[PDB]
Every structure is written in structure tokens, then in C-alpha cells.
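Just passing along the structure, written as C-alpha cells.
Backbone-built Cβ (ideal geometry, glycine too); neighbour counts: all protein chains shown. Just so it is clear, none of the values below were taken in a lab; they were calculated from the coordinates.
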Amino acid sequence: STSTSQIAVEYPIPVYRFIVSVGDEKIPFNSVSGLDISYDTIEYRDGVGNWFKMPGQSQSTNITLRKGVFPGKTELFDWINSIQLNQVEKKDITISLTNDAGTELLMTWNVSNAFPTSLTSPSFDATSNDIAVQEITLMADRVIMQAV
Amino acid sequence: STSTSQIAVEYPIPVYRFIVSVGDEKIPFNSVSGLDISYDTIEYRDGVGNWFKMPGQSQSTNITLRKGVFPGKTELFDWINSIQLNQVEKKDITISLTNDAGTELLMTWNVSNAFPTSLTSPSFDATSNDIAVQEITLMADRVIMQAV
Amino acid sequence: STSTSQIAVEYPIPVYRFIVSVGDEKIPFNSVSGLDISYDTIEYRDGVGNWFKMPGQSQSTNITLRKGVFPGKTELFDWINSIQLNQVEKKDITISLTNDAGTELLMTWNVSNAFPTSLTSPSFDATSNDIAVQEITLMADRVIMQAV
Amino acid sequence: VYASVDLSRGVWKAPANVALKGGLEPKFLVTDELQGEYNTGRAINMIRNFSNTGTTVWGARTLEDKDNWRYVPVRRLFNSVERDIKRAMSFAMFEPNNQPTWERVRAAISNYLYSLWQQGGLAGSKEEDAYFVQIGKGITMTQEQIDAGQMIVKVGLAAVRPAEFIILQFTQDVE
Amino acid sequence: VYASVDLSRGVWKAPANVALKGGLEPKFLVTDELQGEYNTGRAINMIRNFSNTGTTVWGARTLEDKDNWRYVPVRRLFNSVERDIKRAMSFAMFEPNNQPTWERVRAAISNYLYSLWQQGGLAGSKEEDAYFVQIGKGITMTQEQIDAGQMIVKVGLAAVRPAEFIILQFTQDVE
Amino acid sequence: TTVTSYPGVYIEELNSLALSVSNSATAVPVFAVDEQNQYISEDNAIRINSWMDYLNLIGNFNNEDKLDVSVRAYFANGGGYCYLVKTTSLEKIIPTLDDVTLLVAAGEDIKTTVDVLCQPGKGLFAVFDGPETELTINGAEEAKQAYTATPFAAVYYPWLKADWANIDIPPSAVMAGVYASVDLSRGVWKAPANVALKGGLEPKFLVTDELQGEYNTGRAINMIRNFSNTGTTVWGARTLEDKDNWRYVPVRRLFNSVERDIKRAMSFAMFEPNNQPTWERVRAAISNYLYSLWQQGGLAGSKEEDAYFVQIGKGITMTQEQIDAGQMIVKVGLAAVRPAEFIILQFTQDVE
């Protein structure tokens, strides 16, 4: 006999309900991938036997967002088309696990200074029953995870 | 109760209905692959701690078009056969997602200066129930995506 | 969330976009090398212990410009062919880092009184997939670096 | 001089001991004992000539004597930070007043104060010591205030203070 | 701007802080203290220039000061919902006035308000909190009113209000 | 406070402290408030949902108030919503409020009311303060004489002090938050000791280990003392009862919590027909609850049949006479876990 407010505190969070917000816009995405912290390890070892292991230089964060093609809207493409030589508008991406008809966040990830590389066009295919989907890849720094 | 003009505005576009047009000709293709933007990333990092990430040098676009073998027609082969030393006729390829019996485009991709490398002959096979298909591979620049 | 005008002020400049201008002409080059200041050091040392270090005589500037072979044009060769005994036309070379489709310079180097030595012909090679390239070497004086 | 300091070293750096690029020099040479009178209560910064530096600015103090807002780099940092936070809260204007907005308002401020702390603008060895941001329905705003349309955020900062006096002690015996 | 807001984000989103795409700029620059006078009673929304946004719309209030219809996204949502419900009640016109019609009128409205709630148009965490529809012979219409030819439905909605003021509190000590 | 005329944003500068909210299902304290408190009235409890809720009731945070510094130390340690009842009408309001579990004296004399409302049936646990004076190892058995020997009470000795508080903070108000913080992170069955205090607290009097040995034995006074690696920390789990049944506050608070949850499952059986199909639904509802509590590690037993037992029946618990009176009798037994309190190290000089 678990109460419905006990499940909100004790139970794990399902992945499939999430909100992605790219800058000021919020746009519906099919899937989000990557988005993990990582560290190189530095190892010193000298002759008397002691072995030092340290966290080292952080690694660059690479995120992949996947989204279907909608008939009026290309604002994933217009972001990657605006790249002149090294100047692009970087913007913050927030992923947020929500409840059904999300008025309440459960977890929140924050990405800083994300800019697009490698927008992937759909694979046109005459014998396929799929939607035209696009992956955009983002390079960024500082994934942080926020409670609620 | 979704109206049929609401589906034209809100719903994603299926991949299987598309028009490929190679230069002045338009020819029916079985599948189109590749056709994506990409960028190298330049990373500067100095001693005080700040880490600069930039979009860098663009990558060359490589497209693969697949097409069955028809009895009178070899005009994918005659394009790749006309390569003398570095001189080939480059032409523009446009992919375009359409409706049923296409009188109306929904999305459009444009490829500039595409020229053929690596025409692939069918694999003759006495125990196979397939059509003779050919892949041609194109190297090009500047994929752009146009709305409608 | 870096703005696109902040990147123009704070971020380092990529090397690959540059304009070379030889005299009144401007000609596209594949790479520019050398082009550095240098000084000999004079060291005095006497018996009481004090050691004087000084900047000394400047060194001659030697630049190497690399360029592919184009079918109608030999004006790197006609410059080095015009050397009669010690008389050559010296001209000023300016390198300039630019933006994409350069209407705006970011940095500028200036070379004075450059004249050609050692034009290098391409290495013809039946098993190579390369372009015919040429290096010209320039001896000059007074590299100065100008902001914007 | 304010624009020249903040471009070369930042708003958090005080504008003092910076030479004047124009052909300037003070009308009245100022003794050190006179500057000690005016620096204390309602502080008058002074521009005085040094033989190795030329003419230079020699004060960073405001007209407030309180220990909170004594220096012009601390007052101009807080003026600059809250103007940049003004621009990030401009996009939250006329959005729905619920929790998915508040976690986007907090994330936009937390990015800005972190990258300012990474530049050395805020003083703290640990990143959690330099700043804090607090939005919430239990924390900052009442259910009554949410229905009125208000959204309340709490931001704290830890600025760096400039070293103003340096005291040399010269000892005759070396030990 | 009303047509551009509702296509990109919906009728329930307020039309404020949207930049004007044409080459427009206001004839008179408007101070913030002047806009505080006009926003209160019979509210005049104002278009004023921001240096990062360009020119932009900065108001969502109607001419009614009552708390029910204060904002133009709430008034334009109710105008839009009742027009769509008008079209679903068009098929029920001149049908027999009995119970199998009323359970088709209620089902047609309940589909529409549910799919509007799923878009985020109506504010409610629970679906039963956002709307309610009531038809019936005991509930809404008399046996007398049925013989006259009338059919009475009760619809309620819960719109989202926009966040209009954001209050920053800046603290000098970090704790 | 703040008046908003234009939409805009507002960059008001003010120093106000904000504490994060916590929801605690198991610990709802009631803070005894002295008379000469002008903010709360007699004979009604004021539910304070958060520190911001409390900071709306009073205008300014006051350093001199005993109630102010006790409530801020309560919310800084992780306390949920609490009630504020005045101390002279305190014996009338606590029976009205259903879900109240803790009774906290924030520097108040509640020794009269604790004797009359803390009964074996009612679920009230009552943490209050030690003496404010610096006591002795010498006159130590007289200080234990001042407190009652009830099993529902725990006494925490040193009145904590803080840099924000001008006066010393009563230690029972920080322990209502430590009770809520322990039970949320590890459970009610875990003792609240060796937990660091999250607020800026430190004891007024440093306590020697030999002094704590005097007070821990008979009418036990738990003590909050500073460790150099842990900071300040709680160092006791014992009640005021010396009997081996109810010696520790995790065992007494587990039984208070279990019987409150069994109270809610027997609420649906109220005014149902008194026959056998009700009794096998009463037993099944309790047996589900004690099993899932045993699976969490709350009850000590390797075998599930060793941790608990439930017995209802017409031959077993209730007479045919008692059934016609309307009574229904259930027998529940539990096996709680006891905390390890002493650790004895033996150091040997030769390795073998």
C-alpha cells in the first residue's frame, strides 16, 4: 500500500519525460545523449614503492540532441549555418526530467557555452516507415546536475 | 479530431517520398545518404585556467546516392566515365521531401559542385532475389537546407 | 552564453584565413612560413663578477611562401627570373589574418624590401595524388606586426 | 580611465595607479599629509605626480565611509553584475510563473556568476564561497506573491578588496 | 505580433518581449517611471527600446483592471477556446435534443480541452484541475428548457498567468 | 516591502537569509512559546510551513528572542513544518492536532505538561533541554534528580551558541531538526547520534569524557560535544528511562512511529462489521506494513518470522463477551535494533 506522495520521494525517475531548452527557446527533442563528466588521471610512481593517483585535466563535453523534421521549422539548422570563421552564438542548454504535463521539475542538467558542430541530415529512403530525424552535436563545457 | 490542414503544419515529415535532381536532369533514386554539415573544433587552453572552444575548418561533404539498374539508361555511369585528368562537369544536386504525387515541396536540401567518385557496380549473385542496384558517391561542398 | 561580439574581442585568431599581398598584386598563397624577429646577444663579463647581457646585431629575415601551380599564371617565377646581376625589384609583402570572406583584418604583418631567392619547382611523381606546389623564399628586413 | 582599466584588467580592478595617457599634470601638487585628511571620512581621491610614473590616479574610495561600499571597484562591480543579470532576466519577462521558468532563471544567473568567478572577479577559493543563487516557492516568494506576478531571486557576491597601504619594516640587523 | 506569437508559441503566451521584425523604433523613448503610471488602472502597454533586444513590446495588460481579465493572453485564450467550441457545437445544430446528443456534445468538447491542456495551454498539474464540462437534464437544463429547444453546457478553464515583475535581491555577504 | 508598478526587473539590495525547505513525514515538532510573546495568541497552534513562513509572521529576525534563534537553528538543520503553541494553553492544543510527534521545549518549563500528556498510548516524544548552568562531575546526581524518569523524554545538555545569535540557543530546538534529518536520510530506527549540526553551532561548554560517564547512566542526559574531525556533533541516544526495554531513543521513536502507522491502517476498519472477514483484513493490513518495514532493515531479524508477529482471533485475543461490546483486540510484537554504543580496542604489542 504505497501512497502516491511516497512514490514522489522514494522511486526512481523515468527518462522519457524531459524538457530541453536551448538558450531562450525551448524546443521538443526526441532524445539527448552524451552529457557526461570525465577526467584524465595523473599517475606518479617512484622507486620506493608509493603510487600517487590524481584527478587531472578535465575533458570537453560533447552532447548529441536528436529531433524530427517539422515542415515550417529549421532553427537547429539556422544555428549551425550562422558559423562565420570562429564566431558563433553560444547558448546554454538545460535538460530537465519532469512529470506528466510538466509543471514540476524533478532533476535538472545545465550545459554552458554549447555551440553546434555536425548537423546530420535525414537519410532519405524509399523503403522505410520512419520520420525524418536530425541529430545536432554540441561541444560545450561544465555539465552540472541540479536537484529539482 | 485533427483536421487535415493541421497535419500539414504540425506533423513531422516522412522520409520515403523525395525528389533528387542532378543538374538539369531529375532522376529517381532509391536512397540518399550522407549529406551532413560538420566542423573541426579548435581548442586553446592557457595557464590561468580559461579554455577557449571555437568552430574551426569545415569538412568536405560526401554524399552517396543509390539507384537500381534500368535497361536503357546509364547516365550515372556516363557522368563518372567523363573524368579526364582533373576535368569533370560538376553539377548541383537538390533533394526535396514532397507529398504524394509531388506537386508541393516540404523541405529542400541543396548541394553545390558535386562530382562523382566511386561508382559501385551491382553484385551479381545467382541465389539472390534482388534488383541490380548501383551506388554513386559524390564529393561536394555547401549543403544548405531550405524551408519549403 | 557567449555573445558573438564577445568572441571578436576575447578569442584567439585562427591561422588558416589570411591575405598575402606582394607589392601591388595580391595573390592567394597556400602557406607562409618564417617571418620572425631575432637578435644576437652580446655578453660582457669582467673579473669582479658582474655580467652584462645586451641585445645585439639584428638578424636577416627569411620568409618562405608556398603556392600551387595554376595553368595560366607564373608571376612568382617572373619575379625571380628578372634577377640581373644584383638588380632586382624589391617589393613589400603584407600578411593579414582576416575573417570569413575577408572584409575586415584582425592582425597584419609587414615585410620590407623582400626579394626572391630559391624558387622551388614541384616534384613530379607518377604515384602521388597531390597538386603541383611551389615554394618561393624571400630575404628581407623589418618584420613589423600591426594591430588590425 | 574607468573605461581603460576595465578593458585591460576588468571592472573588479581598482582604477588607481594608472597613468594618464593624455598630456596631463595636476594643477596643485599634493602632499602626502594632506591626502591623509581627505581619504578618511567622505573620501576625495587624488591625482598626484610621481617621478617614475608621471601623473597617476591615487584613490579608489567612494563617498561612503561604511565598510560595505568603501571602494569604487566594489561598487562598480555590483553595478555591472546587476546590469548583466538584468539582461538575463529580460528573457524571463512575461513567461509563465511556474517552476520550469524559475529553474531557467537560476541556471542563467549561475552560468554568469561562474564565468565571472573564473575570470577572478569574485573572491573565493571554492566556487561555492563566491556566490549563491536562491529561487523557490518555499524559499523566496509566497504563494500570495506568485499570484500577484512577482518572482524573487536572492544573489550574493564576494568581491575582492584592493590593498591600499603597504607597511615596510626595515631592520638594521640581518637574522 | 499577435499572429507571430501564437504561431511560434501559442495563444496562451503573452505577446510581450517580442522584437519587431520590420525596421521599426519608437517615436518617443519611454522612461520606466512613466510606464509605472500607465500600467496600473486602464493599462496602456508600451513599446520601448532595449539595447540588447532592439525595439520590443513590453505589456500584456488589457483595459480592465479586474483580476479576472487583467492580461491579454488570458482574454485571447478564452476568445480562441470558445470559437473552437463554437465549431464543435456546429454539428450538434438541429439534431434531436435528447441524451445521445448531449453525450456527443460533451465528448467533443472534452477531446478539445484535453489536447489543449496537453499543449500546456491550460494551467493544471492534474488534468481534472484544468477544466470541467457539465451537460445534463438534472444539472444544467430544465425539462421546460429542453422543450423550448435550448441546450446548456458549462465549461471552466484555468489559464496561465505571465510573470510580470522579477525582483532581484543582491546580498553583499555570501552565506 | 516591494512595490511593483512597471513590469521590468527590480535590483533591490537587502540582507535577508533564506533556508531551503524539507518535508519530513515522521517528525512534526511543537515549539513551546513563553508568555510575553506578542506574536502568537493563546489556544491556537500556528502551523509554520517554512522559515519564510515564520519570517512573514514576525517582521525582523531578533537576536534577543529565545524563540527566534531556536526556530532558525531548527530550519537550518533540516526541519519540516512545525506548530507554535503557547506554553500555558499547551495541554489543550496538542491533543487536537493529530500528526504531532515531537514536543520541543525551546527554553521552557514543560515538566508539568509532559507528565500529564506523555502516556504509553499516545505517540508523543518530548525532547527538552539540559540545565543552562555549567554543571559538574561532583554534584552530578542532583542534576539528574530535576528531570522525570519517563521513557518518552531525552535531555541534551549544552545550550548551543552561534555567531548570529546573541543569546545561547536551547539545544532541544536543534535536535528536532536532527531527528527529522536522521529519519529522512537513514530511517527512524537509526539513532540520531554522531550527526553533525548543519547550522553554525558549537557548544557553550566543552564536556570532558569523564563528566559524560556520570550523566549517561541513570537518568541519561545526552550531550553535544565538539570533535576536531567532525566539528560539533550529537553524542547520545539514551532516554530518561534506565530500564533495558526503553533505554535508547531509536527504539522508543520506532515504536511511536510504527503504532502511528498502524493507527492509520486501523482507521479503515472503524465502524465495519465485527466478524471474521474484518479481522483477516485488519491482520493482512498490519502484516504488509511490518513486512515492508522489516525489508527496509527497521526490525532486527534474520528470519522474517523472528522480527514480528500479529495475532487476531475469537479464540486467541477477544472474548465472545468483548466482541458484543464492540472491541477488537490485536497483538503486535516487534524486534528493534539496538545501537552499538561502546567500542573497546585492545592493542597488543606483539603480532601473532
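Going down the list F:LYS263/F:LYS314; F:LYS161/F:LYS190; A:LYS73/E:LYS66, which pairs span over 29 Å between their C-alpha atoms?
A:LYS73/E:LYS66
Further, regarding this structure: Which of B:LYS53/C:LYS67; D:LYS137/F:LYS92; B:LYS26/B:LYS90; A:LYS91/B:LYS53; B:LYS53/D:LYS86; A:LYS26/E:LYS154 have a Cα-Cα distance over 24 Å?
B:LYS53/C:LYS67; D:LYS137/F:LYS92; B:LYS53/D:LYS86; A:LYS26/E:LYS154
Could you let me know the centre-to-centre spacing of the range E:102-175 and the range F:309-325, using Cα atoms, in angstrom?
Cα centroid of the range E:102-175 versus Cα centroid of the range F:309-325: 53 Å apart.
Ordered by residue, what ³J(HN,Hα) values in Hz, to whole numbers, does the range F:88-102 give under the Karplus form 6.51 cos²θ - 1.76 cosθ + 1.60, where θ = phi - 60° and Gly and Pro are x?
8, 9, 6, 7, 9, 9, 4, x, 6, 6, 6, 8, 6, 10, 8
Calculate the tail of P(r) for the protein assembly as shown: the fraction of all Cα-Cα distances greater than 48 Å, expressed in %.
For the protein assembly as shown, the share of Cα pairs beyond 48 Å comes to 54 percent.
Put the label 7 Å from Cα along Cα→Cβ for B:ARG142; what are its distances to the other copies, in nanometres, shortest first?
Listed shortest first, these distances are 3.8, 4.2 nm.
Follow-up question, since we're still on this one. Over chain F, what is the relative contact order in whole percent, taking alpha-carbon pairs under 8 Å and six or more residues apart?
In percent, rounded to a whole number, it is 14.
If you stretched the chain out fully between F:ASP261 and F:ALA325, how much longer would it get, using 0.36 nm times the residue separation minus the C-alpha to C-alpha distance?
Full-extension gain reported as 20.5 nm.
May I ask you to evaluate 6.51 cos²θ - 1.76 cosθ + 1.60, the Karplus curve with θ = phi - 60°, for each residue of the range E:41-58 and list the ³J(HN,Hα) values in order in whole Hz, giving x for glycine and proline?
For the range E:41-58, the Karplus-derived couplings read x, 10, 6, 10, 5, 9, 9, 9, 8, 10, 6, 8, 9, x, 7, 7, 8, 9 Hz, x marking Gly and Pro.
In addition: Tell me which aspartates and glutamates have Cα within less than 15 Å of E:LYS13's Cα, excluding those fewer than 8 residues away on the same chain?
A:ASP24, A:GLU25, D:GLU95, E:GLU164
Return the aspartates and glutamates within reach of F:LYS122: Cα separation strictly under 15 angstrom, same-chain partners fewer than 8 residues apart disregarded; answer none if there are no such residues.
Straight-distance partners of F:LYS122: F:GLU91, F:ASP98, F:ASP99, F:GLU259, F:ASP261.
Arrange the following residues from fewest to most other Cβ atoms within 10 Å of their Cβ: A:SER33, D:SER110.
Ordered by Cβ neighbours within 10 Å, fewest first: A:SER33, D:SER110.
Pop a pseudo-label 7 angstrom from the Cα along the beta-carbon direction at both E:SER8 and C:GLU75 and give the gap in nm to one decimal.
Going from the E:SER8 label point to the C:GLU75 one covers 4.8 nm.
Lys and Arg at +1, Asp and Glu at -1: add these up for the other residues within a Cβ distance under 11 Å of A:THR108 and post the number. Show your work: numbers first, answer last.
Details: positive: D:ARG104, D:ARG106; negative: D:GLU103.
It works out to a net charge of +1.
Next question. Please go through the range D:1-82 and write out the chymotrypsin sites (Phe, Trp or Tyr not before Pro) that DSSP classes as loop and that have at most 12 other C-beta atoms within 10 Å.
Filter output for the range D:1-82: D:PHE28.
Under a 5 Å amide H to amide H cut-off, with H placed in plane at 1.01 Å, what residues pair with B:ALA132 once short-range neighbours are removed?
Here the answer is B:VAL69, since their amide H atoms fall under 5 Å of that of B:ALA132.
Also, quick follow-up: Averaged over peptide D:153-160, how many Cβ atoms belonging to another chain are found within 10 Å of each residue's Cβ? Please report the intermediate quantities before stating the final value.
Numbers: counts 7, 10, 7, 8, 5, 4, 1, 0.
Per-residue shielding by partner chains comes out at 5.
Please report, for B:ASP46, the nm distances (one decimal) from its label point, 7 Å out from Cα along the beta-carbon direction, to the equivalent points in the remaining copies, shortest first.
Those separations, rounded to one decimal, come out as 3.4, 4.1 nm.
Report the chymotrypsin sites (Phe, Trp or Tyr not before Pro) located in the range F:271-304 that are in a DSSP loop and have at most 11 other Cβ atoms inside 10 Å of their Cβ, or state none.
Working: sites: F:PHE271, F:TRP279, F:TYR289, F:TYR291, F:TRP294; in loops: F:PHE271.
Passing sites in the range F:271-304 are F:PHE271.
Calculate the mean, over all residues of peptide A:65-74, of how many other protein chain Cβ atoms lie within 10 angstrom of the residue's Cβ. Present the calculation step by step, with values, prior to reporting the outcome.
On the way: counts 0, 0, 1, 3, 8, 7, 12, 8, 3, 4.
Partner-chain Cβ atoms within 10 Å, mean over residues of A:65-74: 5.
On to the next question. Using the number of other C-beta atoms within 10 angstrom as an exposure proxy, rank F:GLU108, B:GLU104 with the fewest first.
Placing the least packed residue first, the sequence is B:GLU104, F:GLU108.
Next question, about the same structure. So which helices of chain F fit the span-like rule, where a helix is a whole DSSP H run, its Cα atoms reach 20 Å or more along the axis, and its mean Kyte-Doolittle is at least 0.5?
F:171-185
Do any trypsin sites (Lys or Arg not before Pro) in the range D:80-132 lie in a loop, going by DSSP, with at most 13 other beta-carbon atoms within 10 Å of their beta carbon, and if so which?
Passing both the DSSP loop test and the Cβ count: D:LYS126.
Between copies, how far does the label point of A:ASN81 sit from its twins, in nm, shortest first, when each point is 7 Å from Cα along Cα→Cβ?
For A:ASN81, the inter-copy label distances come out at 3.9, 4.8 nm.
Let me ask something else about it. Can you give the average number of partner chain beta-carbon atoms within 10 Å of each beta-carbon in peptide E:51-58, as a whole number?
If you average over the peptide's residues, the count of other-chain Cβ atoms is 2.
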